[PDB]
Each structure stands twice: as C-alpha cells, then as structure tokens.
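Below you will find one chain, with nothing else, as structure tokens; this is the form deposited without the partner chain, and questions on how it binds or moves follow later.
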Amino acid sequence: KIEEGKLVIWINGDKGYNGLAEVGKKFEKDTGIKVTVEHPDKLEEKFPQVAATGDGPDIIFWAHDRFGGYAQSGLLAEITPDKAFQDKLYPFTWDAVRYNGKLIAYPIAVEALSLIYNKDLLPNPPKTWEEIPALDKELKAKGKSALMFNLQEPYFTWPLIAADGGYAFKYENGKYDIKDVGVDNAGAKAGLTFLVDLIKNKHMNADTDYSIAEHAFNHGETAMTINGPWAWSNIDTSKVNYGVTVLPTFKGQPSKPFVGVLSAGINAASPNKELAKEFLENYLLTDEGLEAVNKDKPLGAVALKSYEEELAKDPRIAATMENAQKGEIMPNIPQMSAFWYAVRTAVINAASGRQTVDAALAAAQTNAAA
C-alpha cells in the first residue's frame, strides 16, 4: 500500500526530476510533507500493475496518451480544480486530459519533437529527409555522420511514418474509430521504407537508441538529432553550438510528430489526494514551480498561460510549437498502448531486416486494432 503523510512521485528519467524535487523541497519547507521523486524504468508499464493492487506513487507523470487507459482501469482519481484554477491553463491542454467527460490529470506542458542540429558542422539544416543521405556522405568523409536518433522507440520515427499518410486511429464525428487504423497504408509504408533504406545504405544503424544518439550529438560525432525539449539541457552542458528547427519534410510534406502533453495523475489509491492536489495546483503549476523544473530539463510549451507567455520568445520553444502544429495531438484512448506496442515491433523488425516493411506494418495494423 501507499504510505500516508508523504508524497511519492514517479516521472520519466529523461525529464527534470531534480527540478521537480526542488519544488518538492519547497513544498516540504511550507507544509512539512516529504516529497520523494523517483524515476523507475518502464514506469508507464509498472504503474498500472502496481496501482491496481493499491500501491505505487501518489502522483504519476507521463504524456497524456497513457492516461485514458489508466482511467479506464480505475487507477486515477478524478481531479477537482475549481474554475479559477482551470482558467490558469490553456483549454486545449485540459482537453488532452479529459476522458469520458472527466478530468483525469493535470496538464503540465506540451511536447513535440524537433530537428536539433550542430551549427558548426551544419550551418544550414536540411529542409527535406531526402537530402540527409547526401549530407551523410559529405560528413562521413570528415569522420562524422549526418543524423542519429532513437530508432528503438516509435515515438521518434512516427513523424516520418505519418508524413505521407500514416495515422493511428481515424477521428470521425467527434470520436476515434479504433477499428480504422492507418499503419499499413501507402503513406506509412513510404515513410518506413525511407527509414529502412537509410539503414540499408549505412546512413543510420538499426541499434541506435536514446543514449547512443544523445552521446553522438553531444560530442559532435553527428550533425543532427531528433529529440524533445527535455534534451536541450544536456546539449547546453556539452557546449555544442546547436539550433532547434522544423523537422525535415518527406515527399514535400511536413513530418507529423505525435504531440504529447506531459500530465500528472493522482493515484486513485492514494491516501494523500488533498496533499497531491495542493502540491500540483499551488506549487508545481506556478511560474516558480515550472521554472524550477524547466531549468533542470526544459518542459516545452507549458500549460500555465502566465509562464508560457514568459518563455514564448525562446526560438527553441517556437520551433517546438511549429512542429507541434504540423503534427497531431495524441489520442488518450485505452487502445493507444496497443497501438504503440504494435508500431514499436514493426519498426524494430523492419529496421533490423527481420521482417519486410510490408510484412511488419501489415502485422502492426492488425495488432493495433486489438
């Protein structure tokens, strides 16, 4: 079970958990309540397992797409901000955390992937995916590469897969049709085929993951990476002269990243719901609370209107929002976990050459629709 009189928070290890811990220290200084911030592996998978038994964190942070599943499984407390508090956050961010008519988490920030590039190696970033092999040929001659990014998580490859027509679930008449999946269509096939060709022609390696790409970019081994706002801090530290910009187009069309709203849900089994509410509304979701987290690892475009307006002039955030507008907000429906698992397998199997692109996506299509 969950311990009373304190708060346990889970957040992913790529986020500003040290900053969040500082907000927690302030909370403790004011209320005497200890806040423990943890970053378990696979937390988005563990949470539903442990929460069902009445254990786990008081508060879970993740992108909003996971939350409908958690809500449908009875794992989340309905949140009860008054109208005054609601007015403090952008309406579209509340939309991301509304499920079956109820608010099931507090929205924190809007995230989208951008192209990040080393201005020393590449003063002019490429407008198109198609020119990346040419850039890589140039750079390979200097002992570098053009582009490295996490190929192990479909989140990162999705923008390209979606560009020419791939989609998750078709929206119609105000709801997602979970039986209409867009993962094995011509557009999705074109996008994944391009990625696989990049690997076949040795411009990328199938096993490149988050840490490998981050290392390479931050040590100037590769001219570009694809990543979210949380990654800017480590780049700052590495002293690389970087820019953040619109993702490359594919077949003349915008890459379409899936947009996540980082959100904080309260465990239905928590005996500290009021403390969790006070922490989130009166400490984290303030100018100063968001600053503490953002200073650790940037959040993106925060849900709090006041602080968002303050940071909006940041060109990196402008780029983030440009990419977000070109993409689509993720659904929060329970079927999303099945979608992501299916596409994850498809990309890994196609990238490694274990399956053809056609075979991989045909299977994912079926798997995603249950």
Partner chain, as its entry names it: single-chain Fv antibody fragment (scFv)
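Residue numbers count along the first chain shown, from 1.
Could you check the entry and say whether 227 to 235 or 122 to 130 has the higher mean CA B-factor? Higher of the two, by average CA B-factor, is 122 to 130.
Which of the two stretches, 109 to 117 or 73 to 81, shows the higher mean Cα temperature factor in the record? Taking the mean C-alpha B-factor of 109 to 117 and of 73 to 81, the larger value falls to 73 to 81.
Using only the C-alpha B-factors in the record, can you name which of 278, 214, 291, 221 has the highest? Highest C-alpha B-factor among the listed options: 278.
Which one of 88, 137, 256, 297 shows the biggest C-alpha B-factor in the PDB entry? Checking the PDB record, the top C-alpha B-factor among 88, 137, 256, 297 is at 137.
Third assignment of residue 174 from its chain's C-alpha B-factors: Its C-alpha B-factor belongs to the highest third of this chain's values.
Grab the CA temperature factor for residue 49 from the record and place it in the lowest, middle or highest third of its chain. For residue 49, whose C-alpha B-factor we compare with every modelled residue in the chain, the answer is the highest third.
Where the record places residue 166 (Cα B-factor, split into thirds across the chain): Within its chain, residue 166 is a middle-third residue by C-alpha B-factor, going by the deposited values.
Can you tell me whether residue 269 has a C-alpha B-factor in the lowest, middle or highest third compared with the other modelled residues of the same chain? It belongs to the highest third of the chain when residues are ordered by C-alpha B-factor.
Which third of the chain does residue 13 land in by C-alpha B-factor: lowest, middle or highest? As the PDB entry reports it, the C-alpha B-factor of residue 13 lands in the middle third of its chain.
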